[PDB]
Structures are given as structure tokens and as C-alpha cells.
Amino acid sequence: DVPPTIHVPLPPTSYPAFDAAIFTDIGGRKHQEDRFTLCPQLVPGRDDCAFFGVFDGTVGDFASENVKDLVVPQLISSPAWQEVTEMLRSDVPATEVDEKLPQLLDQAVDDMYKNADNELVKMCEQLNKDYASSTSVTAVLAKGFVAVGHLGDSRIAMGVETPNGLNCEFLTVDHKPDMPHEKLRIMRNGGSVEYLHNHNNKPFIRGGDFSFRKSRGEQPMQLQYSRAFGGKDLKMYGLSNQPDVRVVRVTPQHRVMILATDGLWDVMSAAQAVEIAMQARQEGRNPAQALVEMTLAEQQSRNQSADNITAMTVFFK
């Protein structure tokens, strides 16, 4: 019932509508909490649909390890997705498809996020995982459209060729606790946004019970992003599972999409990543591995302990 998915490093592999590569590295962390999911053929009988997902876990790998196996099943169980499947298998005029498909994809991704999180949170309740959380950047490719969704601070970069050169941008903006409306939601729900000494630029979302649990000699946790999967004991204090969704038309000029964790972005800009990835391909090298190894080399050069780093490169055709 669920199409085959990939969750291990993937060297350069050619598919009908795109070529993909996936590489990850633990870096200098004591744990590997990054996870990912790639479904090459999302819709049986078709060869132009695929799912892409990368997950940056924190406070253990529980949330990222599990959510990765919940997204595809939840996605296709969506009544919204059933309508996507029915329309792709119908006579319905093309012009009409391309006109309705975007909102159907938007709604399906929305359903996926909320349903996958409800299921994950119930698991966290079962196994007593109070703060296990994970960011998410996902991409659903379907008949020339890519439905981008995300929660947290992992990002998706896009390389598009123009007559004046390669246009490189992020399709997602991080969910940070200090963004005015995020902060507003956290305080309305009894949580707070903490700006700690010497770290004014990276505030934390803190639960309303943090202080009490801290005095009880326990270990309440905080996050530096305001939306995510998991975070059981923060979901009632402002941590949202509402993803920002964006549907983009894959045009002839679209060259590459890069899904990666902050382990890559805290070091490289969108343009730098695309360039490195574009060059690697051009020279027959593993684009995703190039992104990770290049990042690790730079970190050493800076005397910086590297974070977990995961990169998934997708080249359109």
C-alpha cells in the first residue's frame, strides 16, 4: 500500500524525471540525529511523482527517526491526495489539472504534516519522549509541480538558470521564535521566548512549566525554532506543526533543488550550495557528497566542531 522509500545514503541515481543523490555525516556530534526519506515513485503507474524529505532531529533521534517513516503513508492516506490521484487518472482537461492541482497538493501536504505529527506525538506520549523534536523540509514532485513544505530551520535551495546566470534562492524561511507572529503565538499559549546572555541572536522557545521542572531538578528542554514535529511538552506552549507551503512550477530552466539541514546552511549560502552541487555533477562527482565534504573541510579550516550534515540533491530533467 505504501510505495518503496529510501532512507540510506544514495549515490548519483537516475530516475525518469530527475537524478538524485543523498549524503550524510555525523560531523563532530556525539549522535547522528539527521534523517531523510526519498520516494522515487510516489504514484503507482506514473513516472513523474516523487517525495523528498530531510529531517533535523534534536534531543535524541526519536522524532526524526520515526517521522521519516510516517510522512509518505500519511501523505497518500490524505483524502486530498486521493483527489490528486483521481485527477491524474482522469480525462479532466490539462489546463484544468494545472489549475486545480496546486491547491490539492497544498492541502495534501498540510494534511500530511498535521496527521504525521499527531501520530508522532502519540508515540512520544507512549514512550515518554517529552522533548524529542525534529525540523522538516519536504518536497512533493507531481506532474511538473513541486509542493514545498517545512517546519523549523532546515532549508530547501533552488537553482534556476536565467539569461543572466544561475538564480539561487531558498524556498523556505526559518521558523524562529523571535519572528513577531511566532513570538506572539508562544506567549499567548503560555510559553516564552528567551534571549540568553551572549546569545541574543538565537532565542529559545521555552515552555510555561520550564521553571518549575527546572527547580524540581529535572531537565526541561528548549528549541531555537518555533515549528516542528514532536516536542510533546512544548506543543501546548506555542510549538506549532503548521507548515508553510509553497507550490512552484518546475520550468525548463529549473536545474537543481537541494534539501538540507542547518548543518549545511549555517555554513553555506544558497548560491554556494548550488554552485558546488552544479559543478560536482558537471564533473561526474557525487553532488550531495560534495556539499557535505566541502562543508566539513570549511569547518575544520575554522576550527569549528561540525554539526550533523545532510544534503539531498535533485537535478530536474
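The first residue of the sequence shown is number 1, and the count goes up from there.
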request  = Averaging only over Cα atoms, indicate whether 11-19 or 305-313 has the higher B-factor in the PDB entry.
outcome  = 11-19
request  = On mean C-alpha B-factor from the PDB entry, just flag whether 43-51 or 260-268 is the higher one.
outcome  = 43-51
key: Selection from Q82, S192, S134, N118 [criterion: highest C-alpha temperature factor in the record]   = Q82
inquiry  = Just the C-alpha B-factor column, please: which of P243, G165, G208, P73 has the biggest number?
reply    = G165
message = For the chain shown, is the CA B-factor of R285 in the lowest, middle or highest third of its modelled residues?
response = highest
query = What third of its chain, lowest, middle or highest, does the C-alpha temperature factor of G144 fall into?
reply = highest
ask   = When the modelled residues of the chain are sorted by Cα temperature factor, does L105 land in the lowest, middle or highest third?
value = middle
message = Please say which third, lowest, middle or highest, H199 falls into when its CA temperature factor is compared across its chain.
response = middle
task = Determine, from the deposited record, the chain-internal third of the Cα B-factor for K214: lowest, middle or highest.
result = highest
